[PDB]
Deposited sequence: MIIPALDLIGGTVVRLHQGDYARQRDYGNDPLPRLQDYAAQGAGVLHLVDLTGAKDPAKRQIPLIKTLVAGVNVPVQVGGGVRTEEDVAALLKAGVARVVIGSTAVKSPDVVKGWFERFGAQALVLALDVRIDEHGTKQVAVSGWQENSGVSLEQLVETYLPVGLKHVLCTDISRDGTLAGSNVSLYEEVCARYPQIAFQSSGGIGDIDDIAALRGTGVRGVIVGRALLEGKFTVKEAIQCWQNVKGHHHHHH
């Protein structure tokens, strides 16, 4: 499916570039065009978990009729629980999934794999290895995408979000290798042709953010393309 995305700072939709303070009508129109899932990044919370935008997230989730996956500096069991309590369908786990796998495996056991998405940044190194990194501005963490995925398979891993931060063959490879996992792709979507390029790869979800904000195409057009 297409997964439209918004990044939020203090109630503001951002890319830094300001897109106004109307995230709810934006999300509602995404849903209205047929989106089955939405993606939110809480940039405020990612900078200070004490300022996690729980009240706003509550309102946004209550305001649409589709599951929303939400991430942004989720570090603790308590972060996960508070997001789910606010009505989030799935919590997106980034750096913590690389940093403390045994802890996060406990979270799978507690919350269920349907409630968790692992967001992994990947850069292809000199040798062609898919290296995991916790962010675009930090060095590789010393573990490959395959190795980290295989760490979580025994607790029923089902959802992985994969962002290529080095830049299709990448997604073809990992999706084929782990057909029991629903991979999402993130980044690199500049126009409708980019969505088409992902169609035969095995990727289950396509995160689309900035291209929607820039008016390159609509959610409806993205879905029609995806569905061929």
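Residues of the deposited sequence with no modelled C-alpha atom fall in the ranges 16-23, 176-183, 245-253.
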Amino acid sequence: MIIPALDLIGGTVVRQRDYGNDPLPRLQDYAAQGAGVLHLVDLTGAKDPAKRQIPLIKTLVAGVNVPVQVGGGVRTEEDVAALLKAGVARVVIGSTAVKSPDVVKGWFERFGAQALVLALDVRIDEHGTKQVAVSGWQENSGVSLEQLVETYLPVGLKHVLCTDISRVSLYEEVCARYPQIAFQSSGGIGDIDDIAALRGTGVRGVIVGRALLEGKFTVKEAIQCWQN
From here on, numbers count along this sequence of modelled residues.
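Taking only CA atoms, the mean B-factor in the PDB entry is higher for 43-51 than for the other of 43-51 and 180-188.
As the entry records it, the average C-alpha temperature factor is higher for 72-80, out of 72-80 and 115-123. Across the options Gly200, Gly34, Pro67, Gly63, the residue with the most elevated CA B-factor in the record is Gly200.
Considering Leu38, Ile195, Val174, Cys162 together, the PDB entry gives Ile195 the largest C-alpha B factor.
Residue-level temperature factors show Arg204 in the middle third of its chain, judged at the C-alpha atom. Per the deposited record, the Cα B-factor of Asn140 falls in the lowest third when ranked against the other modelled residues of its chain.
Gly87: CA B factor in the lowest third of modelled residues in this chain (values from the PDB entry). In this PDB entry, the Cα temperature factor of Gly128 sits in the top third of its chain's modelled residues, the highest group.
Split the chain's modelled residues into thirds by C-alpha temperature factor. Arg210 is in the middle one.
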